[PDB]
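Letters A, B, ... are given to chains in the order of the sequence lines, protein chains preceding strands, and every chain is numbered from 1. All values below were derived from every heavy atom in this structure, side-chain atoms included, with hydrogens, water molecules and symmetry-related copies excluded.
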Amino acid sequence: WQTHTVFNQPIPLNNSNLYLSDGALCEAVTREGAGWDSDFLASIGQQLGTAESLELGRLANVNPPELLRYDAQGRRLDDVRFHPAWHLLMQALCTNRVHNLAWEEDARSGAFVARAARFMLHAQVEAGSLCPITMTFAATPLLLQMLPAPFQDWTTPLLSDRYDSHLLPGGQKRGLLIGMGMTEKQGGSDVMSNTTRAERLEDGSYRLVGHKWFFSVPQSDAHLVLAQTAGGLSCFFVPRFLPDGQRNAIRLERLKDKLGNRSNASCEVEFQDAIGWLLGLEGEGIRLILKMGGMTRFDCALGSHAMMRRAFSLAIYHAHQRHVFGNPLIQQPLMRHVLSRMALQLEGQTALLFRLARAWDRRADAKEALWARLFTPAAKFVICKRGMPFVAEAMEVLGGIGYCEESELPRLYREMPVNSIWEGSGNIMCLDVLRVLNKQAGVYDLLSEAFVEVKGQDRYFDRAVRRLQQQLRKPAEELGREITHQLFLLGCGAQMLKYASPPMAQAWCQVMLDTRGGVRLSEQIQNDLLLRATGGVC
Amino acid sequence: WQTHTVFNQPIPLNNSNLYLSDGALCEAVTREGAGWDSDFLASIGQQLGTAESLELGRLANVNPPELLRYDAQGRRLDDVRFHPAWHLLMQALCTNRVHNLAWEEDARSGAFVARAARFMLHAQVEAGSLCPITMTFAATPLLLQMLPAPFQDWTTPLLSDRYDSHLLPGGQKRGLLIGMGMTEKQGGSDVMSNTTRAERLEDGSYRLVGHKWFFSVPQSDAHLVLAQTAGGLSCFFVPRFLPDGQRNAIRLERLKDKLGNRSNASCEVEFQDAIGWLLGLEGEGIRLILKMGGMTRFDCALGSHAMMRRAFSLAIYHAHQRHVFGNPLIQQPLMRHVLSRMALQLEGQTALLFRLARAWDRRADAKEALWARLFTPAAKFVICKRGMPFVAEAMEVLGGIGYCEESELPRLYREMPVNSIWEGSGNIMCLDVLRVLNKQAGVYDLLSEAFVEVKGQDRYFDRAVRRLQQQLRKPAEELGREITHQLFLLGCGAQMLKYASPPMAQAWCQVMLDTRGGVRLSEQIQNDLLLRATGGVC
Amino acid sequence: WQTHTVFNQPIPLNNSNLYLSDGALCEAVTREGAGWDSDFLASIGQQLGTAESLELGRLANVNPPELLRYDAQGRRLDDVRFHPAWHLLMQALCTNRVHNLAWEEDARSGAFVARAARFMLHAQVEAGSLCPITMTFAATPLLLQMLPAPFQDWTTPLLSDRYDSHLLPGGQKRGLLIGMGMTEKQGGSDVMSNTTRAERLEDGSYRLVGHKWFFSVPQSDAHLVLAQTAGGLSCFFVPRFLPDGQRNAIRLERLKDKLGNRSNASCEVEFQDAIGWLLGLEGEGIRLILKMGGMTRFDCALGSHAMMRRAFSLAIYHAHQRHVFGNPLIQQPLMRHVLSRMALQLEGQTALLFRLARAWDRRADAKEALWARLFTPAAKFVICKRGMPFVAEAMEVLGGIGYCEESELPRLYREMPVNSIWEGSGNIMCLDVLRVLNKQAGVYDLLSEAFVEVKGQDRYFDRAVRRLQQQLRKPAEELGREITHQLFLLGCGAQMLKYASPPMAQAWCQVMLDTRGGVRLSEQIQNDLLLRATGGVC
Ligand SMILES: Cc1cc2nc3c(=O)[nH]c(=O)nc-3n(C[C@H](O)[C@H](O)[C@H](O)COP(=O)(O)OP(=O)(O)OC[C@H]3O[C@@H](n4cnc5c(N)ncnc54)[C@H](O)[C@@H]3O)c2cc1C
Ligand SMILES: Cc1cc2nc3c(=O)[nH]c(=O)nc-3n(C[C@H](O)[C@H](O)[C@H](O)COP(=O)(O)OP(=O)(O)OC[C@H]3O[C@@H](n4cnc5c(N)ncnc54)[C@H](O)[C@@H]3O)c2cc1C
Ligand SMILES: Cc1cc2nc3c(=O)[nH]c(=O)nc-3n(C[C@H](O)[C@H](O)[C@H](O)COP(=O)(O)OP(=O)(O)OC[C@H]3O[C@@H](n4cnc5c(N)ncnc54)[C@H](O)[C@@H]3O)c2cc1C
Ligand SMILES: [Ca+2]
Ligand SMILES: [Ca+2]
Ligand SMILES: [Ca+2]
């Protein structure tokens with residue numbers, strides 16, 4: 001009955017450990033002060049790597065949410081309906097405290113780093129569910145700092161490990177999600193162009209009339225929303241339900257039909273005299289949310305890195321099994337070269353991101369705070385931009401089967417641009433880097449110290465330092481991407497030189513910084529890279 | 001911001017008790033020997049009536065199953081993927097033993113009646129999930145009677161309360177489902193036209209080559225399949241997995257794209273030297289499955305009745321709330337007339353079906369067995385045919401909102417024809433009734449006795465008995481539907497006269513049997529009918 | 001490579017002549033004064049019966065319209081996007097003047113009858129596209145009678161044979177469609193409960209604020225819309241574009257997700273100070289549209305009849321080819337009986353509808369006008385109610401293949417209830433019949449004359465006349481359906497007795513009016529019925 005036998009078809013990667021298979025991550029977690037979380041990380045790495053877990057990710061994306069503007073009786077409903085897989089993903093994210101680990105009372109030293117490792121494991125399985133998690137993690141410290149009086153009973157659920165999908169006022173719920181409404185049709189990068197208007201009421205609250213053009217996670221229990229007041233652009237707490245239990249006047253008009261990120265609901269919304277509570281002062285909306293923005297930019301970089309890691313893991317498991325021209329694909333000199341360069345890129349990214357996580361963890365230290373202020377937008381720019389060609393290359397390793405929606409690769413590929421577009425996109429990251437280099441007291445000293453610490457170790461690194469120094473003499477706005485990319489590489493290189501094995505740091509520096517390419521990697525480096533990326537080290 | 005206020009929109013029926021709201025059913029359960037099950041029935045009636053339960057029914061139908069013929073590597077898979085709601089429905093059906101209550105060791109007197117009541121509650125929530133349940137309930141006694149030796153370890157899971165969706169040989173599973181493969185492209189009514197061929201192997205098993213054109217529940221652990229042998233048309237046990245653990249050679253070719261019944265997978269399949277085990281003798285396939293057929297025909301009648309009951313319950317809850325021309329719709333004389341006639345039809349159907357369930361329960365008694373043999377096809381014909389106009393009328397009570405897929409009514413309406421088409425359809429039921437009346441020893445005596453028992457109580461009933469007697473003098477095949485319908489009504493009428501209150505039996509007889517219509521129901525009868533249909537009695 | 005041979009599978013009906021195959025229709029067209037249209041009818045009957053034509057019907061339903069509330073820039077759009085098949089269907093409908101043949105200057109005697117025959121041919125191919133056609137045909141004479149001054153240039157396009165899908169003010173278009181906005185969330189039967197409000201402006205036009213809950217064909221160039229004024233419920237011309245070229249303020253909020261009629265867009269809409277022009281006087285909205293309603297009710301009856309005709313034609317073509325138990329299915333005594341009864345029902349319906357079409361054609365005659373006033377709602381009630389069980393029976397002739405969406409039968413079945421629900425639904429038709437019988441001068445005389453004309457010809461007919469006479473003594477509202485059904489049958493019977501062959505009229509009267517059923521049809525009648533239904537006569 002058959003016309004052929006099927007052979008030389010790799011088995012797809014599943015039922016693996018997402019943590020234990022990543023040598024660079026395991027090393028970074030210990031190095032950066034989160035080793036106490038390693039047993040937990042191995043545990044969730046196993047749970048998240050199962051066929052069942054990966055299926056929840058697939059189901060949540062192929063059954064995207066449905067906007068319910070009205071009920072069957074023609075009354076306004078303004079709700080969103082998700083596939084059950086979505087709620088199961090949210091439950092595990094919250095159980096694992098990806099939304100608030102760092103903010104717990106008695107959080108231990110390294111909690112920001114431990115939380116980043118947890119986030120990176122989840123992000124490999126499914127990306128859309130990270131959006132509410134990212135916004136809630138970033139908004140929580142600000143909300144706890146400024147929590148308006150009628151919402152004092154939100155502190156307990158903000159600190160829980162309990163996802164709660166009930167359509168109830170937040171104070172009645174066991175856990176909460178918080179979103180961000182900034183972008184308007186006339187601009188997302190330039191939020192001063194916002195026309196949503198807030199008028200102060202007798203009781204000190206404000207009435208808002210306007211719109212937000214991309215308003216993710218409409219089901220959040222509140223959104224922090226930018227609006228204009230007499231005193232300038234300001235930040236408001238806009239809860240889904242008012243203190244009295246009535247629904248607030250946020251009208252969900254249309255759900256975005258997106259390239260990727262499809263599991264996540266993003267809406268176009270309008271405020272019809274919605275009630276908001278001013279956070280901070282009138283006119284300080286942009287300043288107030290700077291650090292909130294910093295944390296979301298970090299998560300963008302970490303998310304793209306995580307997706308690159310998953311795509312790479314799929315590619316290498318496939319290339320190990322697939323034979324071409326009589327030999328394993330991973331043994332073919334050109335393929336082995338390409339995959340080894342990919343692995344080297346992920347090693348550097350992991351070292352940089354986790355050092356950056358430690359900086360955010362230790363931000364009570366002014367120099368750590370400054371390092372995070374400078375390298376966060378740099379990391380978002382370079383890593384998020386790299387995501388697209390990196391994932392395409394992984395897909396090409398698999399070949400035609402990597403172009404079919406049955407594979408994880410298309411979904412990863414379709415996700416990659418979102419992280420690059422988020423929060424003013426790549427150019428805004430670079431202009432922010434230039435602003436910091438220009439205006440921030442202490443920056444040039446911080447950089448010099450970091451670079452002197454490793455001076456003499458590598459000729460390519462030292463040449464790149466001199467090139468950046470020259471470039472910073474006249475930092476033209478048109479060179480913002482060149483400068484940001486150079487700065488990012490020097491950050492990565494300094495971490496590699498300090499902490500990677502010497503042959504690895506040497507390989508990294510030559511590949512990344514030796515201005516003439518044509519760099520061949522030694523056999524031993526390629527072997528070590530590919531072994532480290534499949535477990536080996538942990 | 002609003003253009004209007006929404007008013008006079010009924011709230012849709014949910015969070016009600018499917019059992020306690022049905023006076024006729026509660027009375028029938030006690031009358032027919034299953035009163036010991038009443039507490040359980042009230043419990044599951046509450047569970048099944050919740051918004052959450054009704055949502056599982058919706059989800060399983062709007063997310064229909066997907067046929068997986070191949071995996072991503074191009075190897076044959078032959079599997080079906082369902083929405084999780086489907087599996088949750090199956091779990092509750094099996095927990096409630098709708099597939100096997102009557103067949104348990106130590107099953108108590110009335111178990112067939114108790115099982116019918118349980119089935120009727122489930123059928124109101126979701127219909128497609130009743131297909132595997134119906135086939136498994138009907139096939140189980142036959143399989144236990146004839147179970148081939150290599151499958152002796154199936155007896156325990158056949159008797160469990162555990163749904164098991166694992167892709168494993170049945171002997172390794174905690175519970176089992178059994179299907180039926182009869183229909184071929186050239187005929188489903190006339191199964192002797194089957195061309196699927198079975199050849200005897202050295203070990204006594206047979207190799208099958210052929211097709212089945214409608215093959216529901218392909219995921220069943222076995223199907224009973226008709227095939228031709230040297231000795232005539234025969235019945236085979238065809239398991240999904242062979243005794244050695246290999247998949248059997250059943251190729252799933254195409255999933256039907258159906259009007260209704262969409263939650264249930266129905267496939268077109270081909271046998272490529274599939275292995276089957278002969279049940280019974282060569283050439284006795286048609287005879288062997290007669291009683292199996294009887295049970296499935298009963299479930300068809302019961303299913304259509306249940307859907308009619310749900311549609312009626314929705315219509316009356318709506319008409320009680322909706323106002324037209326200044327008064328409740330249920331108070332408008334013409335609407336109240338129509339709904340009262342509907343209620344009266346369901347009273348008769350409930351009385352007949354449960355008497356029939358008792359007949360099947362007590363089938364060790366030759367007269368009970370004969371009553372079931374005769375009235376089962378009659379009930380399937382009339383009740384399944386009535387389903388379509390009855391549900392359309394309920395939809396029209398709701399008006400335009402009953403035509404929208406948000407309402408339960410369209411799904412009920414789209415389901416109704418399947419039960420009428422099943423197992424040779426309406427004409428085959430009537431030809432079977434004629435065959436029984438002609439050939440079956442004892443029938444005319446059984447009928448006479450039943451009719452004499454109530455003779456003198458109602459003039460319309462006694463006139464209808466005389467009309468049937470005349471008709472049976474020359475029972476032409478072309479009058480098969482007229483005769484079947486008359487017989488059905490006399491069955492219903494005898495139950496009403498014996499057991500309904502006299503004004504109710506009087507109303508039933510005049511409406512159903514008074515050859516000139518124009519029958520107006522008294523105010524008291526309409527009130528009692530509509531109250532009984534909303535709980536009152538239980 | 002094969003497991004079986006496919007055989008005994010009928011070829012599906014296509015490439016047939018929808019007109020020439022229908023003996024009763026061809027005879028009715030000539031009888032009722034539209035014989036001059038017979039060549040044209042045969043021509044379009046051929047065109048509409050092709051596989052390509054039937055495919056347009058399928059495509060328009062499986063690719064339903066999409067509501068475009070906003071454009072990609074977030075500006076309001078309020079438009080609907082259709083599959084190209086929809087526009088091709090509309091083009092042929094308008095070329096054939098199904099929307100206005102009767103209203104042309106110099107329309108010839110019999111034009112209403114010719115238009116009804118044309119409508120019936122189209123309705124067999126696709127039903128949703130008849131909605132704009134029906135509303136435009138019904139509204140056109142009223143609009144031409146009352147056309148408000150700023151829209152004088154609409155007269156030419158209202159009278160064209162040119163469908164025009166351009167998004168332009170009607171006065172710039174080559175042809176126009178008109179819709180009807182009556183139903184609100186609180187009621188469609190009782191339109192006096194409408195809360196949409198119209199306020200008179202300085203220039204004599206009115207500003208409307210409110211909603212309509214089912215608002216079909218939102219893309220119409222205008223809708224006639226009921227709204228409350230100081231002077232009572234009134235009818236407004238509400239154009240899609242104002243005289244100055246601006247879009248009118250009609251907000252399309254949601255598209256209905258329907259059981260059937262899926263090719264046709266039906267919206268929930270809101271008026272945000274939309275401009276309307278009063279037709280007639282304040283407070284005469286209900287009266288003004290009575291005749292408009294009459295024409296749409298006629299089209300409902302004609303549409304259900306047409307769908308029944310298509311379903312029957314499919315069933316008989318199938319049963320002629322399919323063999324069961326060694327003989328053609330159409331030769332099996334019970335099946336032949338059932339199909340013959342079906343054919344007889346269509347013969348009566350065709351005779352009645354076309355006599356009714358002639359009444360509407362000759363409505364300058366007071367007695368013809370009265371016949372149409374009385375029999376139109378009666379016909380809508382009985383015929384539209386019959387549609388559901390009739391089409392289900394056809395599906396059951398085909399068997400399981402008739403339950404699959406590849407067949408035309410499911411789409412026909414899912415369409416049938418809409419015609420029964422339309423314009424206040426079945427109960428409102430019956431209450432209207434009772435109102436006419438009670439209040440309308442001349443009615444009892446008109447009926448007596450009609451009945452005396454055929455008195456003595458058939459005993460069952462004469463007995464039914466006496467039964468109706470008795471019933472009309474005390475015409476209780478609760479007997480509205482019994483009375484309407486009796487009246488309808490007497491209408492049909494009088495046409496059959498006057499114009500059918502005597503054996504046919506005899507067969508009709510006995511089957512339809514002989515209060516004890518068990519009526520067997522002669523061999524010759526069954527043969528003549530089935531031959532007439534496949535062409536024979538034309
Ligand atoms: C899936 C998804 C979900 C989203 N969810 C949210 C949400 O929940 N909340 C929210 O507020 N927003 C959300 N956004 C919107 C997102 O933040 C914006 O798209 C982003 O800030 C860019 O704004 P914009 O699209 O208006 O582009 P613009 O601001 O018009 O920018 C266009 C391009 O110009 C570049 N540019 C801008 N200014 C300069 C300059 N001075 N010099 C050089 N280049 C410049 C930008 O970098 C960008 O590349 C979401 C977006 C997506 C895709
Ligand atoms: C959703 C669905 C699921 C199904 N699942 C299964 C399944 O799991 N297993 C399986 O075996 N089948 C299944 N069936 C097929 C079903 O049993 C058949 O469709 C049914 O038996 C009718 O057979 P048929 O379609 O070949 O019609 P035919 O046998 O061709 O009958 C067509 C019509 O002719 C009538 N007729 C037949 N013989 C006579 C006669 N002698 N005199 C007068 N009238 C006659 C029939 O009553 C019917 O109305 C399924 C069907 C559906 C719709
Ligand atoms: C596909 C579709 C398209 C439609 N398009 C349009 C459109 O374009 N324009 C428009 O105006 N409407 C439209 N309608 C609405 C349609 O006209 C209404 O649904 C219909 O008039 C019934 O009104 P309702 O749904 O409010 O039911 P109700 O008025 O609430 O009636 C419910 C039931 O009660 C019965 N009833 C009402 N009064 C009495 C009484 N006095 N005594 C006894 N019984 C009574 C009715 O007959 C009906 O069976 C559309 C409907 C559908 C399904
Ligand atoms: Ca090698
Ligand atoms: Ca009353
Ligand atoms: Ca014959």
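No salt bridge links A:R355 with A:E32; every basic N to acidic carboxylate O contact stays at or beyond 4.0 Å. With salt bridges taken as basic N to acidic carboxylate O contacts below 4.0 Å, one links A:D22 and A:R309. With respect to A:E423 and A:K380, no salt bridge is recorded, no charged nitrogen being found less than 4.0 Å from a carboxylate O. Remark: A:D37 does not engage A:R115 in a salt bridge, criterion side-chain N to carboxylate O under 4.0 Å.
Looking only at atom types and distance, the side chain of A:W371 has no donor-acceptor partner in the side chain of A:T376 under 3.5 Å away. Residues A:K212 and A:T183 bring no donor and acceptor atom of their side chains to less than 3.5 Å of each other. Side-chain contact of A:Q506 with A:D458: a donor-acceptor pair under 3.5 Å is absent, judged by distance alone. With hydrogens and angles left out, the side-chain atoms of A:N100 and A:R97 include a donor and acceptor closer than 3.5 Å. Side-chain contact annotation: A:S234 with A:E284, donor-acceptor N/O pair under 3.5 Å absent. Side chains of A:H122 and A:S129: a donor-acceptor N/O pair is absent below 3.5 angstrom, by distance only. Side-chain contact annotation: A:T195 with A:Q186, donor-acceptor N/O pair under 3.5 Å present. No hydrogens or angles considered: nothing links the side chains of A:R435 and A:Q440 as a donor-acceptor pair under 3.5 Å.
Cation-pi geometry between A:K256 and A:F214 is satisfied (NZ or CZ under 6.0 Å from the ring centre, within 45° of the ring normal).
Remark: SG of A:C384 is not found under 2.5 Å from SG of A:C300.
Annotation: A:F488 is not in aromatic contact with A:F381 [ring centroid separation under 6.0 Å not met].
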